[PDB]
Every structure is written in C-alpha cells, then in structure tokens.
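*Asks:* before the rest arrives, take these chain(s) from the complex:
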Amino acid sequence: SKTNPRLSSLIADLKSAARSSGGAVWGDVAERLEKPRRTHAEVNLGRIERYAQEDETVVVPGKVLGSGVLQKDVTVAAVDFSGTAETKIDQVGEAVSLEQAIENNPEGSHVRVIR
C-alpha cells in the first residue's frame, strides 16, 4: 500500500498512458512500482554508461544514484534521482522525471529499460 501520494499519482498516470496511447513500457514500469520498494531499481551511472545509447531514452523503474561516470549524451528518466546523480547526468545529457517522459512520449517509443 503505497503511502506516498505522488508515487500513487505517477502510477495512475503511467497506467493511463499505457492504456490510452500506444505505450506498453509505462504500464510495465507501473507494475514494477506497484511492487515492494525492495524490488525497485537502484541504478548507478556506471550502469547507464555501459548499456544506454544516444537518442534512446533510458527508463529506470526506480531511482538513479551517482556512482561511476557517464559520458553519453542520453536522456535518463527515473522516478527520482540522487542529488549527485542528477548533477552528473545534466553535465553530459539530461535527467528527466518519469512524469515528464510520459507527457512528451505517451507512446513510450524508443526507450530502453534499465535496472
């Protein structure tokens, strides 16, 4: 039972997007967020640098932390970002909120899920 009101909203919006528009990842991300927090993603930068690729939005079904280096000019979208994480990402690319992602890309196209 998610107690955070905003996490609750995000999930309702992720769903609406997966249902209304063509998005099939949003509903997928929604399902992971509905699961226990321990199962949520805690991803460091070193892992985005290794697997992400330019012009393909990185979707993290959890939170991004600041360990390691990120050189790629990628748009990372996560539920939340650590202070250092967001600062490091914006230096080379762009850290975006999952709620922004949904508004801009409701069809959830050209997106790589990372955990």
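*Replies:* Yep, it's here. Numbers count the residues shown, from 1 in each chain, chains lettered A, B, ... in the order given.

*Asks:* Mind giving me the packing neighbours of the lengthiest helix in chain A?
*Replies:* Identified as the longest helix of chain A according to DSSP state H is helix A:5-20. Helix A:5-20 is packed against helix A:26-34, helix A:98-104, with contacts defined by 3 or more CB pairs under 8 Å, 6 or more residues apart in numbering; DSSP states H and E. Every C-beta, even on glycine, is put in place using the N, C-alpha and C of the backbone.

*Asks:* Need phi/psi at the spatially most central residue of chain A.
*Replies:* For chain A, the residue sitting closest to the mean C-alpha position, by CA atoms, centre = their mean, is residue A:78 at 2.6 Å. Note on residue A:78: backbone dihedrals following degrees, to the nearest 10 are phi -140, psi 160.

*Asks:* separation between it and residue A:20?
*Replies:* 22 Å (CB to CB, to the nearest Å).

*Asks:* Also residue A:68?
*Replies:* Computed as CB to CB, the residue A:68 to residue A:20 distance reads 37 Å.

*Asks:* Contacts only, for residue A:112.
*Replies:* A:51, A:52, A:53, A:56, A:57, A:58, A:59 (CB atoms under 8 Å, 6 or more residues apart in numbering).

*Asks:* In helices, which of the residues you listed appear?
*Replies:* Of the positions in the contacts of residue A:112, residue A:51 sit in helices, assigned by DSSP H.

*Asks:* Narrow the contacts of residue A:112 to those in strands?
*Replies:* Judged by DSSP state E, strands contain the following of these: A:57, A:58, A:59.

*Asks:* Quick check: beta-bridge partners of the first one?
*Replies:* In other words, residue A:57. Using DSSP bridges, the beta-bridge partners of residue A:57 come out as residue A:111.

*Asks:* okay but it is in contact with residue A:110, surely?
*Replies:* Yes - applying CB atoms under 8 Å, one finds residue A:57 in contact with residue A:110, separated by 6.5 Å.

*Asks:* now the sequence for chain B, which goes on the structure above:
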Amino acid sequence: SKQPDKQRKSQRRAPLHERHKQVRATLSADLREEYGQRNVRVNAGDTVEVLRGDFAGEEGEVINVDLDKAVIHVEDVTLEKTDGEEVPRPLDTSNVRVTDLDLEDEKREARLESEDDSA
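*Replies:* So, slotting chain B in with the rest:
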C-alpha cells in the same frame, strides 16, 4: 495548577483569611465608579440585590456571612419550614450585587478608597 482536582481542592481547603475572597460580590455601577473596583468582600452591613436564584430581582440587607461554607444570609430571602417557621436560604455571593456598603469600620473604608489596595 491547571488540574481541576487541585483547583477544587485549594478552594474547599482554603484557610479562613483566604476564604474572604470566596464571599466577594460585584459592585453596582455607582460603587464601581466611586471606589474604582469591580467587586468587594460582602459584609453583614451591606445591602444587596439578588441576580440569579428564585429570588432574582429582590433587594435586601446582608444578615450573615459564613466563611466556613462561603455563603451569605440576606434579609427576607427565606424558606418556609414545615412547622411554618421561616429560615434563610443561603446565597452564593457570585449571584449577587452590592448596592450599598457598611463603612462603620475605618479600616474597610480606607482599604476601599486606597489605590494600592482593594477590599
């Protein structure tokens, strides 16, 4: 203390000299203007007007002032016993108003007029 039990306790157990404040009644308009007080310890000489009981509206002379029970006897404010006798109906001074004072005591008159103290 803010605790009800202690409050009621200090009132029901106050020593004689402290019980005077339990027999205080509000002064009339003129009396409030004249002595610069809102109330005063009702004396057995004072005249008073009942403002609350079944005797509300009545005027009378204070006949007795019991400190032990913190209650007073006013002239004509009575009850008829079964044998026909007429006995006083004790009144709480907070349900009464002083309309006239007994200033035969130089000490009370002095206290009433002084700005530093109050009677």
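
*Asks:* that older thread, not counting its neighbours along the chain, what's nearest the residue nearest to the centre of chain A?
*Replies:* Closest residue to residue A:78 apart from its sequence neighbours, by CB to CB, 6 or more residues apart in numbering or on different chains: residue A:60 at 3.9 Å.

*Asks:* can you tell me how far that neighbour sits from residue A:82?
*Replies:* 12 Å.

*Asks:* same check, this time on residue B:96
*Replies:* Separation of residue B:96 from residue A:82 (CB to CB) stands at 75 Å.

*Asks:* How about residue B:5?
*Replies:* Using CB to CB, we find residue B:5 at a distance of 56 Å from residue A:82.

*Asks:* show me the contacts for residue 16.
*Replies:* I went with chain A, as the question did not name one. If you count contacts by CB atoms under 8 Å, 6 or more residues apart in numbering or on different chains, residue A:16 has none.

*Asks:* try chain B instead
*Replies:* Residues near residue B:16 by CB under 8 Å, 6+ apart: residue B:67.

*Asks:* ok, now which residue in chain B is the farthest from the centroid?
*Replies:* Extreme point of chain B relative to centroid (CA atoms, centre = their mean) is residue B:83; 29.4 Å.

*Asks:* returning to that earlier point: report the angle between the longest helix of chain A and helix A:26-34.
*Replies:* Per axes from the mean of the first three to the mean of the last three CA atoms, to 10 degrees, the angle that helix A:5-20 makes with helix A:26-34 is 150 degrees.

*Asks:* Next, count neighbours for residue A:69.
*Replies:* By other CB atoms under 10 Å in any protein chain shown, 10 other residues sit near residue A:69.

*Asks:* what do you get for residue A:48?
*Replies:* By other CB under 10 Å, 24 other residues sit near residue A:48.

*Asks:* cool, residue B:33 as well?
*Replies:* Count around residue B:33 with other CB under 10 Å applied: 10.

*Asks:* and chain C on top of that:
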Amino acid sequence: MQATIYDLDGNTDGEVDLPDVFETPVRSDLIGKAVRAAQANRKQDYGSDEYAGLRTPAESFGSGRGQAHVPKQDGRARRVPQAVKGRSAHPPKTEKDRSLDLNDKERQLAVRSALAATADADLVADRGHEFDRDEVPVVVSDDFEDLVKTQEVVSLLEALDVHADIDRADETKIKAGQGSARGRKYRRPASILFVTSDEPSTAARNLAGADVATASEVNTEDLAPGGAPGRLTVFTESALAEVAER
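*Replies:* That brings us to chain C, laid onto the chains above:
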C-alpha cells in the same frame, strides 16, 4: 512567485518574491508523520506500581478442600491476575519507550512541505479555515511586530477579510469522556498562525485558536496542526524571507 505585502491598515504596500520552499510539493503523509512524532515525544511515561497486588504472603492450599488452587490469605484470594485485588498481568510499564525517532532530512522535508501547503488557497480552505481572500499566506509589513493591543490585530484581520477564521475558532467544545476529570474538559478549532521574526506576537497570541511562532523555529505542528496541511497563516515580511532557508 510573488506575495503582496500589506500595511497595518490592510492596504497593499508593495510586494516581494514568495520564496522557493513554497513551491515544495505537498506531502501530507510525511507531514502527518512529523506531527505524529512530535505529539508522541511530549507524552509522559506511566505505569502501575511494580508491587501492586504482590504485597501479601498468600498461598494456595493445593488439592484437598474442593477449591481451585488460587493463592489465599485469611480466606481471601490474592496476588494472581484473576483474583480481585490481584496484580495486573501485563500492565502499562514505565520502562517502555514512548518516543518516535525521525531522520532530520525526512522531518525538515515535512516542514518545507507544510510551509508550502500554506501558499495554496484551496488547501487552506479545505483544511477548514474561514476567510475571503485569493492570495495566501497573508504577508504583512514588519511593523506588525510592534503592535501591542489584541484589538489592534483584530481590526487588521478584519481589514484583510481573514477574521472570520477567528469567529470559527471562537467556540469551545466540551469533550466527551473522562479527560474532563484530568483537566482536558475543553478544546477548540485551530485558527490563524502568526509567524514573526524577533519574537512571537504577544498581541495576537490571545486570539481564539491563534498560535504565534517565529521563523527560526516554526515547526510542522503549527504549520499543519493535527497533521492536516494548509493552515491559514500570516507572515511578517522579514519572517517570510527568513523562513526561506529552513
């Protein structure tokens, strides 16, 4: 954003930028947590006497007389929980920790969210406060801290169409239950919170339901009494600015 400053007559007197903290997203769950903690933290330890019901050499006769093996003293049962005048089995205990911990960050985040809830007119009205106004919180010139008469603060709140909240709070409820016997007979709505900088408003403090506070220490409770976000507040210009770095 911007906040219209008002002089002691209720007329506009310029305006300042409403600090960023008031943009902080409302987090009623975190707020309620901070409120729950602060309320628990002032609760006093209690518990029955360690030895109540144990002060007796009562013994059980055992089998033989057609009676249950219950400890008795002078033909009267004692000690055991099922016995009248017996010890309480699992009573309130003094040793118990009745305090709740809270991470400073988590609590500081709640203060900010509570602060922010103040800036939302719909929330404030939802919380229950009665007022006729669009902007909120109510910003006033620092010359408010110099007022003395309570009545003077009244005329000002009437000039701001915000006094109705005090008429909401001008009613004491005589509670149900025995708290009455413990000195908690009455209670009343929580109305306006006045936040200043140097010292709490001695002039406003006695207003029905009003709570006064200073910007350096205004907590989650006065900001969101009972854990409910959005209290109708009035900040003094300097306070408004000082509250920014909380």
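
*Asks:* rewinding a little: is it true that the residue nearest to the centre of chain A touches residue A:48?
*Replies:* No - Residue A:78 sits out of contact with residue A:48 when judged by CB under 8 Å, with a separation of 9.8 Å.

*Asks:* thinking again about what came up before, quickly list what the residue nearest to the centre of chain A is bridged to.
*Replies:* Using DSSP bridges, the bridge partners assigned to residue A:78 are residue A:60, residue A:97.

*Asks:* Name all residues that make contact with it.
*Replies:* Shown in contact with residue A:78 (CB under 8 Å, 6+ apart): A:41, A:43, A:59, A:60, A:62, A:63, A:64, A:95, A:97, A:98.

*Asks:* switch to 10 Å and redo it
*Replies:* Taking CB atoms under 10 Å, 6 or more residues apart in numbering or on different chains, we find residue A:78 in contact with A:29, A:41, A:43, A:48, A:58-65, A:85-86, A:89, A:95-98, A:101, A:114.

*Asks:* Residue C:19 now?
*Replies:* Residue C:19 neighbours (CB under 10 Å, 6+ apart): C:1, C:3, C:115, C:116, C:119, C:240, C:241, C:242, C:243, C:244, C:245, C:246.

*Asks:* cool, and residue B:11?
*Replies:* Listed by CB under 10 Å, 6+ apart, the contact set of residue B:11 reads B:18, B:19, B:21, B:22, B:70.

*Asks:* In chain C, what residue lies closest to chain A?
*Replies:* With CB to the nearest CB as the measure, residue C:29 is the residue of chain C nearest to chain A, at 5.1 Å.

*Asks:* Equivalent analysis for chain B, please.
*Replies:* Closest point on chain B to chain A, by CB to the nearest CB, is residue B:2, at 37.2 Å.

*Asks:* Could you find the closest non-adjacent residue to that residue?
*Replies:* residue C:183 (5.7 Å).
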